[PDB]
Each structure stands twice: as structure tokens, then as C-alpha cells.
Amino acid sequence: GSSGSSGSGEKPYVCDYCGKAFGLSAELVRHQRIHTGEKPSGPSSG
Ligand SMILES: [Zn+2]
């Protein structure tokens, strides 16, 4: 039962769907992907 991920600070680019924080917009966009799943070309989803 491991735990503890202290390091990521409050970022200006935080998602609303789930509520994730991202320092760079790119990180936020690529993330939103998890929320938008369509035409999945290849076994990749978790
Ligand atoms: Zn999200």
C-alpha cells in the first residue's frame, strides 16, 4: 500500500472534467484525450 506523490504544484492549466493540474497547455490538451476516446487505432487505453 504505497502512496505519496507530493511535488506537482497548482498549475494555471487545470482540467475540469476530472480535475487534473498541468503546467503546460500541451500537457492539458494531450490529457483531455482520456476524456475523448474515438477511433482508437491500436491497443492503448488505461
Ligand atoms: Zn481531465
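Residues numbered from 1 in each chain as written, not as in the entry; some residues may be left out. Heavy atoms only, no water.

Per the PDB record, this model was obtained through solution NMR.

In the nomenclature of the PDB entry, the protein is known as Zinc finger protein 473 of Homo sapiens. This entry carries the title "Solution structure of the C2H2 type zinc finger (region 725-757) of human Zinc finger protein 473".

To continue, consider the coordination of the zinc ion. All of the protein donors around the zinc ion are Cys15 (SG), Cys18 (SG), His31 (NE2) and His35 (NE2); their distances to the metal are 1.9 to 2.4 Å. Here the zinc ion binds four donor atoms, and the angle range of 96 to 119 degrees at the metal identifies the geometry as tetrahedral. Site description for the zinc ion: donor spacing in sequence, C-x2-C-x12-H-x3-H. Here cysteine 15 is found in the loop between strand 1 (13-14) and strand 2 (21-22), whereas its partner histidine 35 is found in the segment after helix 1 (25-32), with 20 residues between them in sequence. On the basis of relative accessible area, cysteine 15 is assigned to the buried category, the value being 9%. Take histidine 35: its relative accessible area is 22%, and that puts it in the partly exposed class. (Donors = N, O, S within 2.8 Å, 3.2 Å for Na, K, Ca; no water. Tetrahedral: all angles 85-135°; square planar, octahedral: opposite > 155°, others 65-115°. Helix = DSSP H or I, 4+ residues; strand = E, 2+ residues; numbered from the N terminus. Buried < 20%, exposed > 50% of the residue type's maximum accessible area, 1.4 Å probe, protein only.)

Attention now moves to the layout of surface pockets. What the largest pocket holds in volume is close to 250 Å³. Along the walls of the largest pocket sit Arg33, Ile34, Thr36, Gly37, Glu38, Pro40, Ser41, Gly42, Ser44, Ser45 and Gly46, which together make up its complete lining. (1 Å grid on protein atoms, 1.4 Å probe; cavity = no way out; pocket = protein on both sides within 12 Å on 5 of 7 lines; lining within 4 Å. Points joined across faces, edges and corners; volume = space filled by probe spheres on them.)

Turning our eyes to something else, we now look at the environment of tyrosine 13. The topology assignment puts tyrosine 13 in strand 1. Residue classification places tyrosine 13 among the partly exposed residues on the basis of a relative accessible area of 39%. Separated by eleven residues in sequence, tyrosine 13 and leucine 24 have C-alpha atoms that sit 6.6 Å apart. Setting aside its immediate chain neighbours within four residues, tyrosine 13 contacts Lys20, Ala21, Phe22, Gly23, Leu24, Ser25 and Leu28. (Contact = heavy atoms within 4.5 Å.)

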